[PDB]
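Chains Bg, AG, AP, BS, AO and BZ, in that order, give the protein sequences.
Quick note, the authors' numbering runs 9 ahead of the 1-based positions in the first sequence.
Quick note, the authors' numbering runs 34 ahead of the 1-based positions in the second sequence.
Quick note, the authors' numbering runs 26 ahead of the 1-based positions in the third sequence.
Quick note, the authors' numbering runs 126 ahead of the 1-based positions in the fourth sequence.
Quick note, the authors' numbering runs 3 ahead of the 1-based positions in the fifth sequence.
Quick note, the authors' numbering runs 7 ahead of the 1-based positions in the sixth sequence.
Beta carbons: idealized from backbone N, C-alpha and C, even for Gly.
Taking it in order: structure first as structure tokens, then the write-up.
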Amino acid sequence: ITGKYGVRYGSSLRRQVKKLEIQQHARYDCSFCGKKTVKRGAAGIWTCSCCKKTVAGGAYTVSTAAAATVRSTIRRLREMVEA
Amino acid sequence: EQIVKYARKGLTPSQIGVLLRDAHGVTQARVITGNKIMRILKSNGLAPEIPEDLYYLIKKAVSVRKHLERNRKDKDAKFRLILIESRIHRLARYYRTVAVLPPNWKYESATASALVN
Amino acid sequence: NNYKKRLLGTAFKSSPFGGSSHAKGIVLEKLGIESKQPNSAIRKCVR
Amino acid sequence: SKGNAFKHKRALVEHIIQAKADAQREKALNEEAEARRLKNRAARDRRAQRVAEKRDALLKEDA
Amino acid sequence: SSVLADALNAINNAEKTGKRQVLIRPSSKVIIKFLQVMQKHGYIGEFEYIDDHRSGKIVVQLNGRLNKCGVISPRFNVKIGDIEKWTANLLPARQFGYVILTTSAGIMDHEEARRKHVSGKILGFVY
Amino acid sequence: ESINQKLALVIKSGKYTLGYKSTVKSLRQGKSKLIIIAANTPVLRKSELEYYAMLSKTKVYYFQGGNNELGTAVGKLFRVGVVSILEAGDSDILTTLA
RNA sequence: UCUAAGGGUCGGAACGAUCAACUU
RNA sequence: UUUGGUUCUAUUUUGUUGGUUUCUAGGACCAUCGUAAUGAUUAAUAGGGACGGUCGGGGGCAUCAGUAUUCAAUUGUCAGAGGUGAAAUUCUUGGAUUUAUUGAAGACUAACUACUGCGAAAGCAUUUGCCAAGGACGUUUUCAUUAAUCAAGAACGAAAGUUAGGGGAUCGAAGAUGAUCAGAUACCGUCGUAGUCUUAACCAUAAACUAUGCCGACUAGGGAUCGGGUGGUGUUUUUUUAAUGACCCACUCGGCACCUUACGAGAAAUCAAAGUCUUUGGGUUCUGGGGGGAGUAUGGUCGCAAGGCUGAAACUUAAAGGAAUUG
RNA sequence: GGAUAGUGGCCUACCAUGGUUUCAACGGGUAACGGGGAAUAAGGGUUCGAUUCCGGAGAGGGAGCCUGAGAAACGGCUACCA
């Protein structure tokens, strides 16, 4: 938890910085192959040993975010051409 | 199967004694060994582990939450996973007080572990 | 078995308390009250 | 252990010890099953064999 | 969910319509037994002739007054200060009465076990 | 039933290879009838996998999906990903394809 | 000034063979 | 009945004492042989599950469709377009108001739609598909007592309302102004915040209704719209034809949602129960005890908040209140 | 094991975690002495209890004692508080 950040700065803040916090570490899937062993060295970065390979990890959560849509939308246009 | 031990009724008859003989019937049949004969074959096999009337509730009820686990929004799916559940439990007891050990099974990895063969 | 309910209750502690056939006490003031609706008069009472 | 199988090594020696024993005894009375395949199967084959040595007729002829 | 008033509340539930009685619960040594004390003192007709799963033994023709309703009751005490009192259930002292008690010995009637000074449970009460 | 349903009968008869090396042996040795190679399983460990038996004598139905799951398929749960069903069963591995 | 607890290497629930200490 | 199965306890005599191992049976123990209809209530118009048929605006998730709304780019021209009781505020030689191609955005699912289908309940109407469910039916399939209602505890719970981000068409709290009034902080315009949608998380209230607890009985008639039985007849599939098939008609039953009239119930109204029982009676969960003071005071808990949940007493009044009938 | 006139955690020590509870523990309240029995009962019940008789407990509060067969005493002491 926070409290890490001890009783100092209020609440709402802690809250948030906990939201992104528990999320700042421990992923959790194979963007290559194997098991849960990636993360996010800082920001952008996020490599994984069960391959020993780095993925372009999102921010405070190496999970792309809006690239959900992109996941679709992007590769989705790949539909046309060639269906 | 044993629930379907009587898919015999379909093409053999007659529910089913034979395994005793009371309000009996009228057709060929070669007695207890006519039953047993292929009645033992039946499920291409046998069983007994424990215990059908649950080995089914726990199943439908088991896969029953795969969706729950992924979907997770079909709250109108929890509202039953509770019920197929409270059921899967309600059984136990009449075995937790009789047929199945005295804890596990009668408690089992229930909630949860896809069991078991 | 079960079940106790309302109406008249045990806890008491009012203002004469002794359910007294009176209550002795000195005559603080002479406040002649005043009648309520319908009827009407100077209802001479005492505090 | 990595939790607290202990509280003073005399006690790992303990549970290891006792435990082991008790378990060994549990097999030492699960042998009962042996008792109950023997003292029953004996009279299974003995009810068959007694059904044979009390009605051995068509056994000398048959076909 | 309670074989007693179940069926006595069908005889009861019947003769008030007026008729020739009908089916009932399933049988019960007790059902049949009241559906005896009844006949044996009068009121009902002839306990009847079914036989099924437990549905066996009887239907049972009506006949007569039998007014009104067999008594079902759902407690059970008895004897001396008792019986006489729960004889307040009755439709009036001067005869009439009949309180089909359960008597330690015998499923008996207000008097039928007033008999050999008996007592016990209070199974019911007729007319 | 489906292949994700055929391999469940498979794990009751037949010859579960369980491997990725022992997979290679299964093949080269000479026994690997099919070959169940998961999607996850890296390219080379797939293209050379291929080559191995496409050399030997066997047909290989590229797997369904998850490796971590492709095992739960064949019970284990230990994320297998390249089986070599070696012996017959009560399944249509002779009709896995057309 | 006493009592008790808590250890390492060699040999079969073993004993102690032996070795060394803080501390509660 | 039977050393083979051991294993005791101490009695009787041996003179007395004690200690012995012989018995010697008397328990319990595993075996062995022999006896005997040699051991298992029914299959609840109770409940669970099997199965196969299917139905449904049931649930999740994707994705389709549509018209419009308001808005744009370019339009055609040309003098008013609003807007109600009647006006006004405004828009307007800025190209509005009225059409002209096209696309843009989020709501929303018209019409058919009813006599209603489905859901625990709230609530559920575009397309296709994937995901797991559900009753009723059909058999006696499989079990055999597993059940019935429940203080505790919990899962879902409309709308507003909170948290954070996405957008943001429409309408639209607050807020403005325009009329209207003696007075208008409104009701009638018109802008417009929030909100309305959304995702992860809270909130747990509602005229949350059918103002009617759950389970099982029994008590009486007809009609009409969902699964199963038969005669099938009615018109067409299947076609050169029959038949079958599809709808479809008639008699049944099941269970559904509902309607129309006796005994019996009620204060009435009304009630297929709100029925049965003098005035017990089938089993249970729950709440009420004149109005107010009040769902307030205090306490504890829940919550971010708004609030929820629990919840008094003092005092104060004799009426408040249902239904009916007439003015 | 120590005490007791004598059981027993009665008290000591040493050792073990136990014993109660929604079938209501625990805690709070009593303008609470209990039971005889009292009052108004169609019945079913409400309500009452320190006048007598039983059993208890106390002589201002509170301990501790000598006396003895018998008392933690009232019409006996001892100290404290009053």
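(request) Would you check if the distance between the CB atom of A68 of chain Bg and the CB atom of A52 of chain Bg is smaller than 8 Å? (result) Yes, these two residues count as a Cβ contact at 8 Å.
(request) Give the C-beta separation of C59 of chain Bg and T46 of chain Bg to the nearest angstrom, bearing in mind that I take them to be a contact with Cβ-Cβ under 8 Å. (result) Indeed they touch by this definition, with Cβ atoms about 4 Å apart.
(request) Kindly indicate if chain BZ contains any beta-carbon less than 8 Å away from that of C57 of chain Bg. (result) no
(message) Please list, in chain order, the chain Bg residues whose beta carbon lies closer than 7 Å to that of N74 of chain BZ.
(response) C42
(message) So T48 of chain BZ contacts chain Bg; which residues on that side make the cut at Cβ distance below 9 Å?
(response) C42
(message) Within a Cβ cutoff of 8 Å, which residues of the same chain sit near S20 of chain BZ, ignoring the five residues on either side of it in sequence?
(response) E94, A95, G96, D97 and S98
(message) Could you compute how far the alpha carbon of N80 of chain AO sits from the alpha carbon of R117 of chain AO?
(response) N80 of chain AO and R117 of chain AO: Cα-Cα distance of roughly 14 Å.
(request) Output the distance between the C-alpha atoms of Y18 of chain Bg and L29 of chain Bg, rounded to the nearest integer angstrom. (result) 17 Å
(message) Only counting the same chain, and skipping five residues up and downstream in sequence, which positions put a Cβ closer than 8 Å to that of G59 of chain AG?
(response) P47 and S48
(message) If contacts are defined as beta-carbon pairs under 8 Å, then residue 154 of chain AG and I122 of chain AG qualify, I think. What distance do you get, rounded to the angstrom?
(response) Lying before the first or after the last residue shown, residue 154 of chain AG is absent from chain AG, which here runs from 35 to 151.
(message) Quick test of your reading: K40 of chain BZ and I92 of chain BZ, contact by CB under 8 Å. State the CB separation rounded to the nearest angstrom.
(response) 6 Å
(request) Return the residues of the segment 26-37 of chain BZ that lie within a Cβ-Cβ distance of less than 7 Å from chain Bg, sorted by chain order. (result) none
(message) Taking 8 Å as the cut-off, does the segment 105-113 of chain AO touch the segment 55-69 of chain AO (at least 3 CB pairs, one atom from each stretch)?
(response) no
(request) Measure the CB-CB distance between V52 of chain AG and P85 of chain AG and report whether it falls below 8 Å. (result) no
(request) Look up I86 of chain AO in the DSSP assignment and say whether it is helix, strand or coil. (result) helix
(request) Classify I43 of chain BZ as helix, strand or coil using the three-state DSSP reduction. (result) strand
(message) Given this structure, state the Cα-to-Cα distance separating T106 of chain AO from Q39 of chain AO, to the nearest angstrom.
(response) 16 Å
(request) Starting from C57 of chain Bg, follow its DSSP beta bridges and name the residues at the other end. (result) Bg:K62
(message) Please state whether the Cβ-Cβ distance between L126 of chain AO and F50 of chain AO is less than 8 Å.
(response) no
(request) Have a look at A92 of chain Bg and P49 of chain BZ and give me their C-alpha separation to the nearest angstrom. (result) 27 Å
(message) Going by beta-carbon coordinates alone, are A111 of chain AG and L117 of chain AG separated by less than 8 Å?
(response) no
(message) Can you find the residues in the same chain that come closer than 6 Å, C-beta to C-beta, to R86 of chain BZ, ignoring five residues on each side of it along the sequence?
(response) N74, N75 and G78
(request) Determine contact between the segment 12-25 of chain AO and the segment 63-76 of chain AO, defined as no fewer than three beta-carbon pairs at a distance below 8 Å. (result) yes
(message) Rounding to the nearest angstrom, what Cα-Cα distance links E60 of chain AP and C71 of chain AP in this structure?
(response) 9 Å
(request) Using the DSSP secondary-structure output, state which residues sit across from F50 of chain AO in a beta bridge. (result) AO:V63
(request) Classify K48 of chain Bg as helix, strand or coil using the three-state DSSP reduction. (result) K48 of chain Bg: coil per DSSP, three-state reduction.
(request) Assign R106 of chain AG to one of two classes, buried (16 or more other C-beta atoms within 10 Å of its C-beta) or exposed (fewer than that). (result) The residue in question, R106 of chain AG, is exposed, as its Cβ has fewer than 16 Cβ neighbours within 10 Å.
(request) Can you give me the start and stop residues for the alpha helix (DSSP H) that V33 of chain AO sits inside? (result) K32 to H44
(message) Between the alpha carbons of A161 of chain BS and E152 of chain BS, how many angstroms are there, rounded?
(response) 15 Å
(message) Can you look up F70 of chain BZ in the DSSP assignment and give me helix, strand or coil?
(response) coil
(message) With H, G and I counted as helix, E and B as strand and the rest as coil, what does DSSP make of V90 of chain BZ?
(response) strand
(request) Just mark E142 of chain AG as buried or exposed, buried being the case when its beta carbon has 16 or more other beta carbons within 10 Å. (result) buried
(request) Give a yes or no on whether the C-beta atoms belonging to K66 of chain BZ and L104 of chain BZ are separated by under 8 Å. (result) Against a cut-off of 8 Å, the Cβ pair of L104 of chain BZ and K66 of chain BZ comes out as a contact.
(request) Could you have a look at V17 of chain BZ and say whether DSSP puts it in helix, strand or coil? (result) helix
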